[PDB]
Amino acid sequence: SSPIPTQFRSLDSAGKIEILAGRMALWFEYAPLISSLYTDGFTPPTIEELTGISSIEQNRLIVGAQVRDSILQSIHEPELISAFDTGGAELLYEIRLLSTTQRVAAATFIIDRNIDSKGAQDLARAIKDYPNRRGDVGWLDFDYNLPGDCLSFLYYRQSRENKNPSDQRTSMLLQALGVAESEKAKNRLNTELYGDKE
């Protein structure tokens, strides 16, 4: 599944389990030990019983580590990876459905703008959804390649579902503006939010 780190590759199950029970490494370093333990014939409930890693956290760690590994292999800035060393699992898990290229871009955006897990979920969902919205008003003003533009376009779509004028509409438009990256996307947002009634 993932690659087991050198320092751990000659452990029997018991050694892997004791390490996990002590969280005795970086999160993505003990994650492959979980995968490895699965194939030893150990199932998640009994791994939670022995280490305290809930079966949900297990999946999050394994999948996060694979996402991390995607970015690592792909050409990237080295500092990007360094940023996930602590609590990076919950953010990387959320972008797992994206392609490799999208993962590198989304992760970069998550780091630059300090996005939490919820926001990362929204971002990943927005990126994944964008191509399906071709017919929608304003779609051409947002760059699919740009994570913040994808998320911006989702907030903009949601704003067009609210009444105009309303505080809800205004709030969604201001959110769309907070994450927009391209000038074309900011142009449309400015045009529609600040339209010369104001």
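Each residue number is its position in the shown sequence, starting from 1.
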Handout entry: Which of 6 to 14 and 173 to 181 has higher mean CA B factor, as the PDB entry lists it
Key = 6 to 14
Problem - Stretch exceeding the other in mean C-alpha B-factor - 17 to 25, 184 to 192 - result: 17 to 25
Practice task
Tell me which of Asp167, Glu49, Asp129, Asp141 tops the list for C-alpha B factor in the record.
Solution key: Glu49
Practice task
Among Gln121, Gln102, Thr108, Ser74, single out the one with the highest C-alpha B factor in the record, please.
Solution key: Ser74
Practice task
Could you look up the Cα B-factor of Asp149 in the entry and say which third of the chain it sits in: lowest, middle or highest?
Solution key: lowest
Problem - Entry-reported Cα temperature factor of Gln66, expressed as the chain third it lands in - result: middle
Handout entry: Third of chain Cα B-factors occupied by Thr43
Key = highest
Practice task
Tell me, lowest, middle or highest third: where does the Cα B factor of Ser55 rank within its chain?
Solution key: highest
